[PDB]
């Protein structure tokens, strides 16, 4: 199977500058070379060039709506094209707002896809329920069908078409959810596994459930949108919004090892890695390495080890 890496150096989804550098650090860490060592054909598409929308006035509270809307429109086009060609897309991004376009494009070719969102946050705030007009916290709100029309139209997002419903998304790693978002997830009946459920059940059972919930009836393409802040700050410190009590390194790789085994991974996003937020060079290296580790795990690398087929090492 073919893999296509698409760089999304975008940062207008949030305050902190630096996330746009995420793609370069991931590559510098050898992400592409390491991927080629797996059983997949790896093509690197390179980073997308985002045209800055001049005079991008804030829509009420939402900031840089046009720059964010246009950047995502371009990514969706690119992701649609590669999905079309039967490849698995891998979006290396800046902030999580780029999930709008990643999933949108993906849904265009695979409308029956389901989403597994690993994040300490629900990123389901609407333009009206946001304490900060930061779009990297409102991705899911633009994608959900049940949220269509529950908020004014935002400049730059008219091209967006609600592609997934509340029954096609599973959250894993919740621990910092705003009141509005919590009202929305409870009201819409969305399935989630906050840290309390991870502690209660154990990551093993959590994965078991998330899958029977999403794949039981029909087997369908899986889109994994991974917010690096889903892990505890001790593992992925160089991120804009760290939250203590996160998932551990082990649990993160478990998640990715299990998603790899289903053979259904069709889309992937590795977001919020901000190379400039590392208090020490080591904190950035730690974060980058872990993100690379998770990506490789999604594509075969097993902690129990790997060996090439048809090769007699004896």
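Positions refer to the first chain, counted from 1.
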*Out of 223-231 and 86-94, which one has CA B-factors that are higher on average in the deposited record?*
86-94
*asked:* Using only C-alpha atoms and the B-factors in the entry, which stretch averages higher, 36-44 or 250-258?
replied: 36-44
*asked:* Maximum C-alpha temperature factor per the entry, among 197, 123, 146, 178, belongs to which one?
replied: 146
*Can you pull the Cα B-factors for 270, 284, 62, 26 from the entry and say which is highest?*
62
*In terms of the chain's CA B-factor thirds, is residue 275 lowest, middle or highest?*
middle
_Among modelled residues of the same chain, the CA temperature factor third for residue 154_ = highest
*asked:* Quick check on the deposited entry: does the C-alpha B-factor of residue 189 sit in the lowest, middle or highest third of its chain?
replied: middle
*Looking at the C-alpha B-factor of residue 103, is it in the lowest, middle or highest third of its chain?*
middle
_Record-listed C-alpha B factor of residue 137: chain third_ = middle
